[PDB]
Amino acid sequence: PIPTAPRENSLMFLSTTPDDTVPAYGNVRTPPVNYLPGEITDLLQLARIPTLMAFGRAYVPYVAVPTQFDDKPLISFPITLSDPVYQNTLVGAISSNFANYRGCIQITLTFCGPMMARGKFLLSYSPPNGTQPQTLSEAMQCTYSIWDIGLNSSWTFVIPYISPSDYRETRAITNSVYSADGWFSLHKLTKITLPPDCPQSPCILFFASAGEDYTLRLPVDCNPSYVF
Amino acid sequence: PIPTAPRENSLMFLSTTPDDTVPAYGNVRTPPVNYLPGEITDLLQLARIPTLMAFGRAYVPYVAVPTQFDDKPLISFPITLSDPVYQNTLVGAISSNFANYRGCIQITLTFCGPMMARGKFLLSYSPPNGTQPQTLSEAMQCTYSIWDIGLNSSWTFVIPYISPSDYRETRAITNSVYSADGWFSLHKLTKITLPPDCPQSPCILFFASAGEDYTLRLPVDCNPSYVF
Amino acid sequence: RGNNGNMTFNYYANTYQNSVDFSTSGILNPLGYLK
Amino acid sequence: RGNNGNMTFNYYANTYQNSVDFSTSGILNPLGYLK
Amino acid sequence: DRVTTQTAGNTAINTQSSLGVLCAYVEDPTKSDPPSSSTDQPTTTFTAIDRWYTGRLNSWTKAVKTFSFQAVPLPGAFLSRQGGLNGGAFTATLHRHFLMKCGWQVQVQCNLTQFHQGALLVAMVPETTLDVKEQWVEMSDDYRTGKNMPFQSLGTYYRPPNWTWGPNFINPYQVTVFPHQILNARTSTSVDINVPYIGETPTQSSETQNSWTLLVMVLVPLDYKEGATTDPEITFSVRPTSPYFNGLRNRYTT
Amino acid sequence: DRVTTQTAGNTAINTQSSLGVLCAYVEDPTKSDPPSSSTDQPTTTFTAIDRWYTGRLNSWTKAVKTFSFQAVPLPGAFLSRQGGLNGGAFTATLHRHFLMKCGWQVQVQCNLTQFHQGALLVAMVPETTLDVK
Amino acid sequence: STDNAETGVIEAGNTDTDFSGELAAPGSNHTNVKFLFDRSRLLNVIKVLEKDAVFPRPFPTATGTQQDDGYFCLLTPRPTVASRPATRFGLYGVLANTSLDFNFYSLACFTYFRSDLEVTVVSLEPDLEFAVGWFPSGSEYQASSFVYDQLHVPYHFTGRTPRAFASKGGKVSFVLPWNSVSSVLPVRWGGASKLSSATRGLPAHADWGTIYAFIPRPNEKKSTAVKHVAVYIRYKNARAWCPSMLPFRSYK
Amino acid sequence: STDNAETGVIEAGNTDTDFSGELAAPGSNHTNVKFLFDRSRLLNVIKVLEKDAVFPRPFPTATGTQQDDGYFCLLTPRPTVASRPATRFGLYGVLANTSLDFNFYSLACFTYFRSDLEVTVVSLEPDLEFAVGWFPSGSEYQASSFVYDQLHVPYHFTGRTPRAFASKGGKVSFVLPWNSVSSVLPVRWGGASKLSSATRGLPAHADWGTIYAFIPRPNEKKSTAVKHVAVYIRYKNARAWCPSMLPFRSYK
């Protein structure tokens, strides 16, 4: 007999022990699954797949561009992965089941107007300031890129990972700088020039994918509110 | 199954077991701390930093030197690390959280009079006698050093480790020879000669550091009286 | 290897502990190719 | 090594038991230098 | 010897009673690295900010008691222009960057005479809130205990507790654990301290951080026979060593 | 082809109808030397000013006649903020320095359509006083 | 950068694609399918058999049928109802026992799934000595009793399948293989399990089996107070195929 | 010996520097930071959840807010109040739960600190079968309940975070990593965690997380007597930076 000393946490069920348990019904040969393609190894393979965002004008995956508009962002949503423009993206839904993120959010646009439409947009990203930038001059002073409408119908804006910490909180409980990372804003630089007999107010279809250096950490309990 | 025999102290929480416990939330990569300088490895790195003593004349880090004084020590405090002249030194505060000390207490002075002041002081240390030595003749017969006031404005008196035991108690509960190690006393040998138009009663600013062979042993529970 | 911190010793065999398929005799790839 | 009397055997890995930093790719020194 | 001139950019400051520069915690605290928490290219040092910035500090009189201190935040004195300390192009770079990471290099000048006595404790103190709510702040029992440090009010739901302690206390007897030099009236007219960047993160916000606070504390009160120069003026010179500005945006508005 | 993006600092401007950059008088007009009339160390380019500054200009209508021009001084439009042209840290560096020596690089955007006609002459004109009343 | 989303493939870019930046160093790998699903979660709370059961009769069940409900846990992350597989998930005649794995479907962004199942059965009653039976996928519950010394002992004390006996206040934990005849579990399914009169989207044998808890005393020692027990499951060596959707988070 | 203290550096001398003597042989090394902090001590006494909680609302909290107090232990040596980080430490409307590590700050002569935390939860009640939850730094408590067989079971029985179940009369002990987003813990702090309307000296996420103890029975089995539990913490692999002060021992 080997003298052992069992610890204080004996006979304890911890739900996430990194360890196996006793086989009750072993020696079972499963049917092979070598016929199935598309095996997922990591869930960041699917956060990198761009999915539609949602925008309150009945929520809408796109943004219509009105022919007369002020010196405001045409759409502007905060860089917080708990914001409802991210609830039904595979980035913001997989990230809502974790506790940290690290890396670049990627916003892809798709101009869904006619082919005869031209126009330029200023895609800006502001780090968290005291006040959200609204003027085209204030959005010019941030991280921006001008997208020309032409033969190619997309522009993948990559939101930089600007953070005081190596990880950021993926849920703004208390709305601090460790969870809210500023604002993305779409201004129209030059107005959209259409010929006669073309539809007014074209639509920019938004996407939200993960960058190639996007990372998630600390799996948390789910929100079961989808099933209610 | 391995036959073990668990001992009499099974399922016991001992607060200072030299042993680990079960990881609940392992595989966590912390942010690196290679950017921070000044890493403390041992707390005797900080006991060797000289900090101010305190002297009852509203307690005062220094000792004023009156122009007429008797054949007494100008200040004299016992060599006991629980004495209130040591409560707010980093020696006497770190040592109050242990149970033994071994090595040399170091008293540094700093003459904070004018540059025109001269004078000599007799810095004496008595081993524990039946009666504390008061006369300059009695302080001369002990361990002493004469400090001349001049261009250099300090004198680091190193109190020797004279002890019947290899360790000494750092708290005089019962005031024995294993805890109280005699007296340090500052006499003025020759009076301070000032020119006209110089301030009377200059000040000797005291310090208390640890020697290079100072050692502490047996960590004890704190005194929580600072928070009351 | 999953949520398994054991690096030392597996008591049961791989056919008892796990369930292996029968035979019929880092780098994360894309899930769609443009050809 | 801290308050650790174990010299023989660590059951869990160093990444499970401890928490190691990530990479970005006796003699007690003084805490202040006079230069 | 004791005569050193420290050139930094277009600025050279002199002392003829130099005690040697107290380098903090390392040999060269100017050696610094870019932060690992920011992927953008940082703004390193340039010759318009690689210089000394000289501000005044309040005069030291006979009425100033023992342990009565006076605190200068870094870079908090560049924002509020404490003591006429206009930061020039350093503050102009700091209001436009979200994070900032630098060590400092200070020199506090205070010329006494051979007929004066007294001592000042010029120290660089990490992570204190001594600028938060006289010419000199008095060492009361609230400062010694941290009892008066800023706090969130618990509201009317809670019984308001007897606040008795805070970790941003000042033990006035242990201020020589910091990178310090004593400005004795009989040894020197100025002291030099060089500190590196420290912080809880590899870089900290420009508008909020107080990773270093310059602390000038009276250890021995000023005394002189009358006819001598009354109330000598304390001044300080601050040089940022290796700044790594990050997060360029518009100038800071509240 | 005609699709070029010109990155400068944190600024990238795009065109899909590029005619090629008209370099003036030399192959690389960006190659420049420090002035010989100043003994101090000059302030060369840094990444906060090595960028494009976009300002508006007044609209072009049918009522605008032939040879009717519109002038933008350099660096005079950075001082007065002509057309909303805030110069950022370039104007902030320019107000603090007595002398300044740079070449420029301009791009004037004006999108017409295939049903429009007309022509603009965008030119860099040396040493004129066309901003003065 | 200039792209076309109508391609159907968009490359995941970084900061250095358009702007001046760099790659973030990859910190963790917690999105690993074999790691992220390898943790216990509450599947179902079933009741403890004090006598032999009558397994619930198939749908549609008419009134007056004396059967035993809320006793069997059909081990699936899919919606179950009345210890049988469901397609719609419902909540609140007889109140039917419904279960759904809330943690699974919020991260079941895939179509097919296969793992070994680690079942842990935790008592929800003070100091209960219970016993857990199990019978595989496509098998059925043995429902009668045999008399041992004038004591009706049910046939779910014996069998060639696992019966795990707990101590008083102890727990039960054992890992189960992928025992189903299907190669993988359909998280989403579009077919039918029969040629005639079948329900669409309802797989026949997508489960690791069925468990039930019982009290290890004969039927004469049946009490009156109903005893409940909780079922925790862990997916060991989880593999996922064919990327798919996550449920619609509403905006109201 | 002849020195200058205005230098700021004073060399630690021995008996042989001025007098005739020698060096004492170095006996121990108990002032080692990794050793001296690697021992358990009582952090806080919190109460045990018998139902689902409502986490305390942020400061300032007004009257009439139905929340649940004294239930959550914010794992920090810094002063906490009402399970939230504080700057001032207070003691004695609702009496707010304050905690401070008395053993830490009497030896926290440094500015920054980082360790792995070993939490031990000891019951202060006779023969208690409790259960300890934990959620990381910068995370939040999940506060609702789900009905399993007409029994409200709270959502702090499940999750992807540790829930350690004790035996009846047993204890709970597990080590936690440095999970915070900060590189080190500020023992003393001078900054603010927000740009606008923030408190000076109050770090946002300087903790190893928050624990809470709960009874592993549903909300209908809620008792009346309030059950207390004690929280012991040990700093594993403790590292300290930037020497600083120790608190003012008064002379009265």
# chains A, B, ... in the order shown; residues from 1 in each chain; ligands from 1
call {"tool": "residues_around", "arguments": {"residues": "residue 89 in chain A", "least_positions_apart": "2", "cutoff": "7 Å", "atoms": "only C-alpha atoms", "output": "list in words"}}
result
residues 51, 52, 53, 86, 87, 91, 92, 93 and 208 of chain A
call {"tool": "interface_residues", "arguments": {"of": "chain H", "to": "chain B", "cutoff": "6 Å", "atoms": "only C-alpha atoms", "output": "PyMOL selection string"}}
result
chain H and resi 1-4+12-15+24+28+30-33+39-40+102-103+174-175+183+240-242+249
call {"tool": "atom_distance", "arguments": {"atom1": "CA of residue 72 in chain H", "atom2": "CA of residue 165 in chain H"}}
result
16.9 Å
call {"tool": "select_by_dssp", "arguments": {"residues": "range 64-145 of chain H", "states": "alpha helix (DSSP H)", "output": "number ranges by chain"}}
result
H: 102-105
call {"tool": "select_by_dssp", "arguments": {"residues": "range 10-169 of chain H", "states": "strand (DSSP E or B)", "output": "PyMOL selection string"}}
result
chain H and resi 32+41-49+72-74+80-81+84-85+89-91+94+98-99+110-123+131-135+145-147+152-154+163-165
call {"tool": "write_last_selection", "arguments": {"atoms": "N, CA and C atoms", "output": "short mmCIF file (atom, residue, chain, number, x, y, z; two decimals), in the first residue's frame"}}
result
data_model
loop_
_atom_site.label_atom_id
_atom_site.label_comp_id
_atom_site.auth_asym_id
_atom_site.auth_seq_id
_atom_site.Cartn_x
_atom_site.Cartn_y
_atom_site.Cartn_z
N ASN H 32 13.28 37.35 0.88
CA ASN H 32 13.06 37.10 -0.54
C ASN H 32 11.59 37.33 -0.89
N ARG H 41 -3.21 34.08 3.86
CA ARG H 41 -3.66 35.03 4.87
C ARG H 41 -5.11 35.36 4.58
N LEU H 42 -5.83 35.76 5.62
CA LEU H 42 -7.26 36.01 5.50
C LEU H 42 -7.48 37.31 4.74
N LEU H 43 -8.11 37.22 3.57
CA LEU H 43 -8.41 38.40 2.77
C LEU H 43 -9.74 39.03 3.14
N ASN H 44 -10.82 38.24 3.13
CA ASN H 44 -12.16 38.78 3.26
C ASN H 44 -13.07 37.66 3.73
N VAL H 45 -14.12 38.03 4.44
CA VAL H 45 -15.18 37.11 4.83
C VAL H 45 -16.44 37.54 4.08
N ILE H 46 -16.84 36.74 3.10
CA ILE H 46 -18.03 37.02 2.32
C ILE H 46 -19.11 36.02 2.69
N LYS H 47 -20.32 36.31 2.25
CA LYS H 47 -21.48 35.48 2.53
C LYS H 47 -21.75 34.59 1.33
N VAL H 48 -22.56 33.57 1.55
CA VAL H 48 -22.77 32.51 0.58
C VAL H 48 -24.12 32.73 -0.10
N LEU H 49 -24.11 32.74 -1.44
CA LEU H 49 -25.33 32.92 -2.20
C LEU H 49 -26.25 31.72 -2.05
N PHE H 72 -19.67 39.12 -2.91
CA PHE H 72 -18.59 39.00 -3.87
C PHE H 72 -17.30 39.51 -3.26
N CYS H 73 -16.22 38.77 -3.48
CA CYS H 73 -14.90 39.10 -2.96
C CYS H 73 -14.02 39.53 -4.12
N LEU H 74 -13.69 40.82 -4.16
CA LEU H 74 -12.82 41.35 -5.21
C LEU H 74 -11.38 41.05 -4.82
N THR H 80 -10.75 47.46 -1.02
CA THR H 80 -11.98 47.35 -1.77
C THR H 80 -13.13 47.83 -0.90
N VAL H 81 -14.22 48.22 -1.54
CA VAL H 81 -15.45 48.52 -0.83
C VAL H 81 -16.61 48.08 -1.72
N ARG H 84 -16.05 46.27 -4.97
CA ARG H 84 -15.53 47.13 -6.01
C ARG H 84 -14.23 47.74 -5.51
N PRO H 85 -13.31 48.12 -6.41
CA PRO H 85 -12.05 48.71 -5.95
C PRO H 85 -12.25 50.07 -5.32
N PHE H 89 -9.56 53.37 2.46
CA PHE H 89 -10.07 52.22 3.18
C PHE H 89 -10.86 52.70 4.37
N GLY H 90 -12.08 52.20 4.50
CA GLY H 90 -12.90 52.61 5.61
C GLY H 90 -13.36 51.45 6.46
N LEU H 91 -13.81 51.77 7.66
CA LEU H 91 -14.47 50.83 8.54
C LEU H 91 -15.50 51.61 9.33
N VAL H 94 -26.46 51.20 4.70
CA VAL H 94 -26.00 49.83 4.53
C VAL H 94 -24.51 49.79 4.81
N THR H 98 -15.86 46.17 3.36
CA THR H 98 -14.53 46.66 3.06
C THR H 98 -13.52 45.56 3.35
N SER H 99 -12.46 45.50 2.54
CA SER H 99 -11.38 44.56 2.77
C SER H 99 -10.06 45.24 2.49
N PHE H 110 6.92 48.59 -2.08
CA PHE H 110 7.18 48.66 -3.50
C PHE H 110 5.95 49.23 -4.20
N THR H 111 6.13 49.60 -5.46
CA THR H 111 5.06 50.27 -6.18
C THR H 111 4.25 49.30 -7.02
N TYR H 112 4.90 48.32 -7.63
CA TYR H 112 4.23 47.38 -8.51
C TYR H 112 4.43 45.97 -8.01
N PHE H 113 3.46 45.11 -8.31
CA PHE H 113 3.44 43.75 -7.81
C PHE H 113 2.76 42.88 -8.85
N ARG H 114 3.23 41.65 -8.99
CA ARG H 114 2.56 40.68 -9.83
C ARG H 114 2.83 39.30 -9.28
N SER H 115 1.79 38.48 -9.17
CA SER H 115 1.95 37.09 -8.81
C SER H 115 0.80 36.30 -9.40
N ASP H 116 0.90 34.98 -9.27
CA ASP H 116 -0.24 34.10 -9.42
C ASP H 116 -0.92 34.01 -8.07
N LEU H 117 -2.24 33.97 -8.06
CA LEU H 117 -2.97 33.97 -6.80
C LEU H 117 -3.49 32.58 -6.50
N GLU H 118 -3.21 32.10 -5.30
CA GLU H 118 -3.76 30.84 -4.81
C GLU H 118 -4.88 31.14 -3.82
N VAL H 119 -6.12 30.92 -4.23
CA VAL H 119 -7.29 31.21 -3.42
C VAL H 119 -7.69 29.96 -2.65
N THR H 120 -7.85 30.09 -1.34
CA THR H 120 -8.40 29.04 -0.50
C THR H 120 -9.64 29.57 0.20
N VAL H 121 -10.75 28.85 0.09
CA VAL H 121 -12.02 29.29 0.64
C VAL H 121 -12.41 28.32 1.75
N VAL H 122 -12.38 28.80 2.99
CA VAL H 122 -12.63 28.00 4.18
C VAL H 122 -14.01 28.38 4.72
N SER H 123 -14.83 27.38 5.01
CA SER H 123 -16.16 27.64 5.55
C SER H 123 -16.08 28.07 7.00
N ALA H 131 -20.04 26.04 -2.59
CA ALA H 131 -19.50 25.96 -3.93
C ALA H 131 -19.01 27.34 -4.32
N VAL H 132 -17.82 27.41 -4.90
CA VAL H 132 -17.14 28.67 -5.15
C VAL H 132 -17.10 28.93 -6.65
N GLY H 133 -17.65 30.05 -7.07
CA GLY H 133 -17.48 30.52 -8.43
C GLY H 133 -16.39 31.57 -8.51
N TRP H 134 -16.02 31.90 -9.73
CA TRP H 134 -14.97 32.87 -10.00
C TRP H 134 -15.19 33.40 -11.40
N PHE H 135 -14.98 34.69 -11.60
CA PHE H 135 -15.00 35.23 -12.95
C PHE H 135 -13.86 36.23 -13.08
N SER H 145 -31.43 33.13 -13.89
CA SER H 145 -31.65 31.74 -13.51
C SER H 145 -32.47 31.04 -14.58
N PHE H 146 -32.27 29.73 -14.69
CA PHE H 146 -33.01 28.92 -15.64
C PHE H 146 -33.76 27.83 -14.90
N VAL H 147 -34.93 27.48 -15.41
CA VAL H 147 -35.85 26.57 -14.74
C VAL H 147 -35.58 25.15 -15.23
N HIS H 152 -35.74 26.94 -10.09
CA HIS H 152 -34.90 28.02 -10.58
C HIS H 152 -33.45 27.72 -10.22
N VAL H 153 -32.67 27.34 -11.22
CA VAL H 153 -31.24 27.10 -11.07
C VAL H 153 -30.50 28.30 -11.66
N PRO H 154 -29.66 28.99 -10.89
CA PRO H 154 -29.02 30.20 -11.40
C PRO H 154 -27.96 29.89 -12.43
N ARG H 163 -15.87 26.76 -11.51
CA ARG H 163 -16.77 26.58 -10.38
C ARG H 163 -16.29 25.36 -9.62
N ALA H 164 -15.78 25.57 -8.41
CA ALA H 164 -15.23 24.50 -7.60
C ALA H 164 -16.25 24.08 -6.56
N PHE H 165 -16.65 22.81 -6.60
CA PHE H 165 -17.63 22.27 -5.67
C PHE H 165 -16.92 21.61 -4.50
#
call {"tool": "interface_residues", "arguments": {"of": "chain C", "to": "chain A", "cutoff": "6 Å", "atoms": "only C-alpha atoms", "output": "number ranges by chain"}}
result
C: 3-5, 15-17, 19-22
call {"tool": "atom_distance", "arguments": {"atom1": "CA of residue 124 in chain H", "atom2": "CA of residue 173 in chain H"}}
result
15.2 Å
call {"tool": "calpha_fit_and_write", "arguments": {"fixed": "chain D", "moving": "chain C", "output": "CSV table (one decimal) with N, CA, C and O atoms, in the first residue's frame"}}
result
chain,number,residue,atom,x,y,z
C,1,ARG,N,12.7,30.3,-6.2
C,1,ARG,CA,11.7,29.3,-6.3
C,1,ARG,C,10.6,29.5,-5.3
C,1,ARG,O,9.6,28.8,-5.4
C,2,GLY,N,10.7,30.5,-4.4
C,2,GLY,CA,9.6,30.8,-3.6
C,2,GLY,C,9.6,30.0,-2.3
C,2,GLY,O,10.6,29.5,-1.8
C,3,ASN,N,8.4,29.8,-1.8
C,3,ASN,CA,8.1,28.9,-0.7
C,3,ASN,C,7.6,27.6,-1.3
C,3,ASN,O,6.5,27.2,-1.2
C,4,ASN,N,8.6,26.9,-1.8
C,4,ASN,CA,8.3,25.6,-2.5
C,4,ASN,C,9.4,24.7,-2.1
C,4,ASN,O,10.6,24.8,-2.4
C,5,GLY,N,9.0,23.6,-1.4
C,5,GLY,CA,10.0,22.6,-1.0
C,5,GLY,C,10.0,21.4,-1.9
C,5,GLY,O,10.7,20.4,-1.6
C,6,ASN,N,9.2,21.4,-3.0
C,6,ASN,CA,9.2,20.3,-3.9
C,6,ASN,C,10.4,20.4,-4.8
C,6,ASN,O,10.7,21.4,-5.4
C,7,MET,N,11.2,19.3,-4.7
C,7,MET,CA,12.4,19.2,-5.6
C,7,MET,C,12.2,18.0,-6.6
C,7,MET,O,13.1,17.9,-7.5
C,8,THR,N,11.2,17.2,-6.4
C,8,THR,CA,11.1,15.9,-7.2
C,8,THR,C,10.3,16.0,-8.4
C,8,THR,O,10.8,15.8,-9.5
C,9,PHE,N,9.0,16.4,-8.4
C,9,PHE,CA,8.1,16.1,-9.4
C,9,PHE,C,7.0,17.2,-9.5
C,9,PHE,O,6.3,17.5,-8.5
C,10,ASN,N,6.8,17.8,-10.7
C,10,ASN,CA,5.7,18.7,-11.0
C,10,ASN,C,4.7,18.0,-11.8
C,10,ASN,O,5.1,17.5,-12.9
C,11,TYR,N,3.5,17.9,-11.4
C,11,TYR,CA,2.5,17.1,-12.1
C,11,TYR,C,2.0,17.8,-13.3
C,11,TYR,O,1.9,17.2,-14.4
C,12,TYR,N,1.7,19.1,-13.2
C,12,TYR,CA,1.2,19.9,-14.3
C,12,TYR,C,2.3,20.6,-15.0
C,12,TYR,O,3.4,20.8,-14.4
C,13,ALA,N,2.0,21.1,-16.2
C,13,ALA,CA,3.0,21.8,-17.0
C,13,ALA,C,3.3,23.2,-16.4
C,13,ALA,O,2.5,23.7,-15.5
C,14,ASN,N,4.3,23.8,-16.8
C,14,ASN,CA,4.7,25.1,-16.4
C,14,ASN,C,3.7,26.2,-16.9
C,14,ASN,O,3.6,27.3,-16.3
C,15,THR,N,3.0,25.9,-18.0
C,15,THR,CA,2.0,26.8,-18.5
C,15,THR,C,0.6,26.6,-17.8
C,15,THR,O,-0.1,27.6,-17.8
C,16,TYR,N,0.4,25.5,-17.3
C,16,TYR,CA,-0.9,25.2,-16.5
C,16,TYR,C,-0.7,25.7,-15.1
C,16,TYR,O,-1.5,26.4,-14.5
C,17,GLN,N,0.4,25.3,-14.4
C,17,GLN,CA,0.6,25.6,-13.0
C,17,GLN,C,1.0,27.1,-12.8
C,17,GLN,O,0.4,27.8,-12.0
C,18,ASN,N,1.9,27.6,-13.6
C,18,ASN,CA,2.3,29.0,-13.6
C,18,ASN,C,1.6,29.8,-14.7
C,18,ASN,O,0.7,29.2,-15.4
C,19,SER,N,2.0,31.0,-14.9
C,19,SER,CA,1.5,31.8,-16.0
C,19,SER,C,2.7,32.6,-16.6
C,19,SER,O,3.3,33.5,-15.9
C,20,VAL,N,3.1,32.2,-17.8
C,20,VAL,CA,4.4,32.7,-18.3
C,20,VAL,C,4.0,33.8,-19.3
C,20,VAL,O,2.9,33.9,-19.8
C,21,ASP,N,5.0,34.7,-19.4
C,21,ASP,CA,4.8,35.9,-20.3
C,21,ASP,C,4.8,35.5,-21.8
C,21,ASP,O,5.3,34.4,-22.1
C,22,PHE,N,4.2,36.3,-22.6
C,22,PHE,CA,4.5,36.1,-24.0
C,22,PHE,C,5.6,36.9,-24.5
C,22,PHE,O,6.1,37.9,-23.9
C,23,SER,N,6.2,36.5,-25.7
C,23,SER,CA,7.3,37.2,-26.2
C,23,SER,C,6.9,38.3,-27.2
C,23,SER,O,5.8,38.3,-27.7
C,24,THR,N,7.9,39.2,-27.5
C,24,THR,CA,7.5,40.3,-28.4
C,24,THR,C,8.3,40.1,-29.7
C,24,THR,O,8.9,41.1,-30.2
C,25,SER,N,8.4,38.9,-30.2
C,25,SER,CA,9.0,38.6,-31.4
C,25,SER,C,8.4,37.4,-32.1
C,25,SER,O,7.9,36.5,-31.4
C,26,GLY,N,21.8,36.6,-2.8
C,26,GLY,CA,23.1,36.5,-3.5
C,26,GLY,C,23.6,37.8,-3.9
C,26,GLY,O,24.0,38.6,-3.0
C,27,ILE,N,23.7,38.1,-5.2
C,27,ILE,CA,24.1,39.4,-5.7
C,27,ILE,C,22.9,40.2,-5.8
C,27,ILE,O,22.0,40.1,-6.7
C,28,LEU,N,22.8,41.2,-4.9
C,28,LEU,CA,21.7,42.1,-4.8
C,28,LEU,C,22.2,43.5,-5.3
C,28,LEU,O,23.0,44.1,-4.6
C,29,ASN,N,21.7,44.0,-6.4
C,29,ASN,CA,22.2,45.2,-7.0
C,29,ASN,C,21.6,46.4,-6.3
C,29,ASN,O,20.6,46.3,-5.7
C,30,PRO,N,22.3,47.6,-6.4
C,30,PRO,CA,21.7,48.8,-5.9
C,30,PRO,C,20.5,49.2,-6.7
C,30,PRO,O,20.5,48.9,-7.9
C,31,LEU,N,19.6,49.9,-6.1
C,31,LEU,CA,18.4,50.5,-6.8
C,31,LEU,C,18.6,51.9,-7.2
C,31,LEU,O,17.6,52.7,-7.4
C,32,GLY,N,19.9,52.4,-7.3
C,32,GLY,CA,20.2,53.7,-7.7
C,32,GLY,C,21.7,54.0,-7.9
C,32,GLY,O,22.4,53.5,-7.0
C,33,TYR,N,22.1,54.6,-8.9
C,33,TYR,CA,23.5,54.7,-9.3
C,33,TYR,C,23.8,56.2,-9.4
C,33,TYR,O,23.1,57.0,-10.0
C,34,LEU,N,25.0,56.5,-8.8
C,34,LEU,CA,25.5,57.9,-8.8
C,34,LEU,C,26.4,58.1,-10.1
C,34,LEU,O,27.5,57.6,-10.1
C,35,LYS,N,25.9,58.8,-11.1
C,35,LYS,CA,26.6,59.0,-12.3
C,35,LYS,C,26.8,60.5,-12.6
C,35,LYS,O,27.4,61.3,-11.8
call {"tool": "closest_atom_pairs", "arguments": {"of": "chain A", "to": "chain F", "cutoff": "12 Å", "atoms": "only C-alpha atoms", "output": "Markdown table"}}
result
| residue | atom | partner | partner_atom | distance |
| --- | --- | --- | --- | --- |
| A:116 | CA | F:113 | CA | 9.3 |
| A:117 | CA | F:113 | CA | 9.4 |
| A:118 | CA | F:111 | CA | 8.3 |
| A:119 | CA | F:111 | CA | 8.0 |
| A:120 | CA | F:111 | CA | 9.4 |
| A:121 | CA | F:14 | CA | 10.8 |
| A:122 | CA | F:13 | CA | 10.0 |
| A:123 | CA | F:12 | CA | 11.4 |
| A:124 | CA | F:11 | CA | 11.0 |
| A:125 | CA | F:10 | CA | 11.7 |
| A:135 | CA | F:84 | CA | 11.2 |
| A:136 | CA | F:84 | CA | 10.1 |
| A:137 | CA | F:84 | CA | 7.8 |
| A:138 | CA | F:86 | CA | 10.3 |
| A:139 | CA | F:54 | CA | 11.6 |
| A:140 | CA | F:54 | CA | 8.2 |
| A:141 | CA | F:88 | CA | 8.1 |
| A:142 | CA | F:10 | CA | 8.6 |
| A:143 | CA | F:10 | CA | 6.6 |
| A:144 | CA | F:11 | CA | 7.0 |
| A:145 | CA | F:12 | CA | 6.1 |
| A:146 | CA | F:13 | CA | 6.1 |
| A:147 | CA | F:14 | CA | 7.0 |
| A:148 | CA | F:14 | CA | 6.8 |
| A:149 | CA | F:16 | CA | 8.9 |
| A:150 | CA | F:16 | CA | 7.6 |
| A:151 | CA | F:16 | CA | 9.2 |
| A:152 | CA | F:16 | CA | 10.4 |
| A:155 | CA | F:14 | CA | 11.8 |
| A:160 | CA | F:10 | CA | 11.8 |
| A:189 | CA | F:56 | CA | 10.2 |
| A:190 | CA | F:111 | CA | 8.3 |
| A:191 | CA | F:111 | CA | 9.6 |
| A:192 | CA | F:111 | CA | 9.7 |
| A:193 | CA | F:113 | CA | 7.4 |
| A:194 | CA | F:113 | CA | 8.3 |
| A:195 | CA | F:115 | CA | 7.7 |
| A:196 | CA | F:115 | CA | 9.7 |
